[PDB]
RNA sequence: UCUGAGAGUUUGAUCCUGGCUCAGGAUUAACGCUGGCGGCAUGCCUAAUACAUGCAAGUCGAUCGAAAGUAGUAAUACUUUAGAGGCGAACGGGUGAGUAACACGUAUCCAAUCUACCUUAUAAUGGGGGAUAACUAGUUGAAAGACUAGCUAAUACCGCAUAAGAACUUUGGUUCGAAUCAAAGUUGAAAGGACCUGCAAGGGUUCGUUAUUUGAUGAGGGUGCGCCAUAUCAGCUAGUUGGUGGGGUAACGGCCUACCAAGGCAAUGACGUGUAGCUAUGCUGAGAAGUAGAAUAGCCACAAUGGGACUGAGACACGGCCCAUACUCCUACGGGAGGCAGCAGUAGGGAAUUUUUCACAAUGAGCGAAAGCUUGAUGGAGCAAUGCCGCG
RNA sequence: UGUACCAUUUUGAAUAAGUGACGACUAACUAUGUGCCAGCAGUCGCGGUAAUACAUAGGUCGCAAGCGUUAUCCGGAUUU
């Protein structure tokens with residue numbers, strides 16, 4: 004089974020207007036690559052690029068992505 | 003979602019195909035009797051009616067009614 | 002059963018398996034309180050055999066309650 | 001060709017019956033409609049049970065044309081009537097259920113929302 | 002047809018149709034709240050069985066049976082003929 | 001007999017006709033001020049508005065082949081079932097949107113219909129054939145799935161034989177639209193499992209199955225009677241009314257159809273409109289009756305709407321199918337899941353209607369010879385002084 | 001559910017009351033403020049100068065872990 008050393012937690016340490024959200028999106032996409040459910044072309048280029056910061060910054064903020 | 007629902011659906015698809023087949027076998031011999039009103043055709047029709055009634059495809063009352071209608075025509079001959 | 006909570010009172014009835022719980026019943030056998038350790042069912046044992054011979058077998062929980070009274074001892078021999 | 005003050009039917013969930021053109025969006029004095037051209041429209045008949053009201057001017061796009069235009073393939077599809085679909089302030093259309101088929105002459109131009117609600121695309 | 006007694010005696014009003022008659026039974030009863038003799042009139046449609054035919058202005062006996070036709074669920078049992 | 005209460009209010013003052021308010025019980029009550037408990041019931045009448053998620057019908061290996069794995073040299077023992085097939089699914093669960101008439105309440109007639117399993121005993125469970133999932137391979141494929149060819153068993157399917165008994169027809173007889181019975185013509189039933197015994201042969205216990213045959217039971221159909229307001233609603237009705245022939249649902253029936261027709265209902269008020277679940281029942285008074293038809297018990301129907309068919313014994317089927325319709329969600333944009341008036345719970349409404357609760361302990365249900373599996377039916381617990389009793 | 005319940009188990013008045021109303025109808029009143037202003041209220045009807053009709057204090061009366069309050073139904077209303 005899963006041992007206690009196998010649940011690693013990472014935090015994206017930065018402030019906004021630094022491309023931080025885009026790096027988080029890329030990490031979540033490539034790390035959350037799911038091919039059979041439909042995530043492929045729905046999160047391939049998920050864009051939080053700033054035209055209106057608030058919308059993306061609210062819809063994507065959460066507690067933790069696994 | 004009900005597993006028994008889809009199970010019985012896939013079962014009664016085949017059951018419906020078989021029932022339609024037997025119903026058409028019945029009706030084509032009923033037409034044959036309508037063409038040739040004789041004893042042999044009536045005997046075949048009643049044999050097939052009993053076959054359906056054996057499994058239960060046609061209720062005994064319906065079979066009795068239809069065979070009464072056919073035997074009346076044969077008796078008129 | 003029916004009655005107030007913390008007071009189980011199950012009236013003994015003949016049941017056909019198609020009927021809902023404590024709905025329109027065919028015929029009430031009698032009354033019995035499971036809490037009291039004493040036989041208290043009001044049964045005639047004649048109409049009971051009538052229902053047995055006309056089918057629609059009642060609850061199984063009372064079958065034992067009829068073995069104590071010897072209903073089986075006469076029912077199985079009246080079957081012959 | 002379809003033109004201004006041409007009342008045609010609607011092909012989505014609006015509750016309207018007829019709707020007329022008032023002006024073709026774009027450069028002035030174009031005066032000639034074509035497939036996929038966005039236009040300004042005014043409803044002609046509408047029931048309150050829908051989601052439109054009489055006398056209101058909105059924006060739509062013609063999808064099916066009685067005139068017919070020839071596609072770059074060289075195969076020319078036509079329709080026996082004119083059909084228009086209303087769009088709410090952007091590429092997203094107001095309606096959810098589309099009635100009748102559509103064409104592919106606007107696939108390269110976007111409008112994937114409309115085709116996502118269409119049964120057949122030519 | 003021999004079913005038990007069911008008396009529906011009345012006065013036949015019309016016999017325009019072939020072996021079909023509109024009979025009229027006039028029943029007097031008591032008010033459920035005041036108990037006074039109050040009369041009411043009910044129409045019935047009856048079929049003649051061949052062996053018995055209905056003539057206007059006579060007392061008859063009507064019984065229930067299998068429906069011969071729509072709204073025809075009764076038959077003529079006994080006829081008190083013209084008087 | 002159950003069982004009976006009045007006062008004030010007009011006037012300068014008096015009486016009389018009449019009205020109004022108060023004096024009391026009850027809630028599917030709530031608000032406002034406070035607030036201990038035990039016992040017990042009750043806790044969306046509004047949006048049958050839309051509603052995320054878990055449950056709300058599952059079960060059967062003593063039905064079958066096969067598949068996988070723990071032991072075992074393999075064989076085989078051991079654990080499960082993906083599928084087929086079987087039973088169950090139509091009942092429970094919930095609401096009153098809609099329904100003004102046999103729907104409801106009640107008695108008959110069904111010589112007008114059926115009922116798997118339960119109850120009645122009897123003939124039998126004879127011999128063959130063919131496929132088929134499961135499995136593999138190929139294709140369409142992101143999966144979802146779908147298409148194509150082989151592989152496999154059955155209490156699955158399909159011929160034939162026996163068919164006392166049954167259906168059908170004919171001859172005779174009983175009786176007042178049908179009864180019982182003698183002979184004849186015709187027709188059609190299946191399958192073995194599991195266990196024990198026996199060298200075998202064969203025999204036995206139970207189950208599964210067909211036929212026949214008794215009740216009980218459910219449903220359906222007709223019936224008299226009563227069962228809202230409304231005349232500031234006088235004509236309504238065209239398979240309608242009726243007949244002949246035929247077809248058709250369990251049956252009779254224009255139920256439907258071919259033909260012939262002209263009536264039928266109807267000032268004892270039809271038709272029209274509004275409203276409506278009904279009944280037993282809850283309250284009020286002694287009663288005439290009114291009030292409300294919480295829960296409950298039965299009956300009635302739909303399950304977002306309009307329709308249709310199938311399986312099944314029974315459904316046009318709470319969470320079956322398909323079609324059309326309004327929406328959500330996913331989609332790689334090709335197409336798909338569909339529908340909590342089930343338990344909950346939330347957005348909103350309102351005065352307000354609750355744990356996103358436990359176990360099926362008990363009953364029941366569904367199934368299986370069984371160990372028994374499921375059960376938000378069912379029984380407990382939680383919140384709230386909504387109400388009653390007791391209690392500090 | 002170690003629940004209910006029981007046994008001088010231990011300490012302990014200690015751990016728990018508010019509510020409406022008093023002119024009459026209909027048992028339950030006096031003081032201060034008050035000037036048709038405030039306000040009461042189911043009715044008669046109260047308050048523009050000693051207000052038992054109002055606001056408050058006290059007293060008093062009636063209910064009670066409930067009291068009032070409205071909606072609504074039967075009685076009184078035999079007032080279809």
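Protein chains in written order, with the authors' numbering: chain 9, 4 to 69; chain S, 3 to 79; chain O, 2 to 81; chain j, 1 to 122; chain P, 2 to 84. Note that CB positions come from ideal geometry on N, CA and C, so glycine has one too.
Residue i - DSSP class collapsed to helix/strand/coil
i, result
"residue 26 (chain S)", "helix"
"residue 13 (chain P)", "strand"
"residue 7 (chain O)", "coil"
"residue 66 (chain P)", "strand"
"residue 23 (chain 9)", "helix"
"residue 48 (chain S)", "helix"
"residue 82 (chain O)", "Since the first residue of chain O shown is 2 and the last is 81, residue 82 (chain O) is not available in this structure."
"residue 25 (chain P)", "strand"
"residue 13 (chain O)", "coil"
"residue 10 (chain 9)", "coil"
"residue 46 (chain P)", "strand"
"residue 18 (chain j)", "strand"
"residue 48 (chain O)", "helix"
"residue 74 (chain S)", "helix"
"residue 60 (chain P)", "strand"
Assigned exposure category for residue i - 16 Cβ within 10 Å defines buried
i, result
"residue 45 (chain P)", "buried"
"residue 85 (chain P)", "Summary: the structure shown does not reach residue 85 (chain P), with chain P confined to residues 2 through 84, and so no result is reported for it."
"residue 70 (chain j)", "exposed"
"residue 12 (chain 9)", "exposed"
"residue 54 (chain O)", "exposed"
"residue 62 (chain O)", "exposed"
"residue 72 (chain S)", "buried"
"residue 111 (chain j)", "buried"
"residue 56 (chain j)", "exposed"
"residue 24 (chain P)", "buried"
"residue 55 (chain 9)", "exposed"
"residue 39 (chain S)", "exposed"
"residue 50 (chain S)", "buried"
Within 7 Å, strictly: CB atoms of residue i and residue j
i, j, result
"residue 56 (chain O)", "residue 43 (chain O)", "no"
"residue 5 (chain O)", "residue 29 (chain O)", "no"
"residue 19 (chain j)", "residue 44 (chain j)", "yes"
"residue 81 (chain P)", "residue 53 (chain P)", "no"
"residue 10 (chain P)", "residue 47 (chain P)", "no"
"residue 78 (chain j)", "residue 92 (chain j)", "no"
"residue 82 (chain j)", "residue 72 (chain j)", "no"
"residue 83 (chain P)", "residue 60 (chain P)", "no"
"residue 72 (chain O)", "residue 46 (chain O)", "yes"
"residue 44 (chain S)", "residue 76 (chain S)", "yes"
"residue 24 (chain 9)", "residue 6 (chain 9)", "no"
"residue 48 (chain S)", "residue 33 (chain S)", "no"
"residue 41 (chain 9)", "residue 32 (chain 9)", "no"
"residue 32 (chain j)", "residue 1 (chain j)", "yes"
"residue 121 (chain j)", "residue 104 (chain j)", "yes"
ask   = Touch check for the region 9 to 29 of chain P and the region 48 to 57 of chain j: three-plus C-beta pairs under 8 Å?
value = no
ask   = So, do the region 34 to 42 of chain P and the region 64 to 82 of chain P have three or more beta carbon pairs nearer to each other than 8 Å?
value = no
key: Length at least 4, wholly inside the region 21 to 73 of chain j: the alpha helix (DSSP H) runs in chain order   = none
request  = State whether the region 37 to 47 of chain j contacts the region 17 to 27 of chain j, with contact taken as three or more CB pairs (one from each stretch) at a distance under 8 Å.
outcome  = yes
ask   = If we count Cβ pairs, one from each stretch, closer than 8 Å, do we get three or more for the region 48 to 67 of chain 9 versus the region 9 to 23 of chain S?
value = no
request  = Examine the Cβ distances between the region 88 to 104 of chain j and the region 8 to 19 of chain j and report whether three or more of them are shorter than 8 Å.
outcome  = yes
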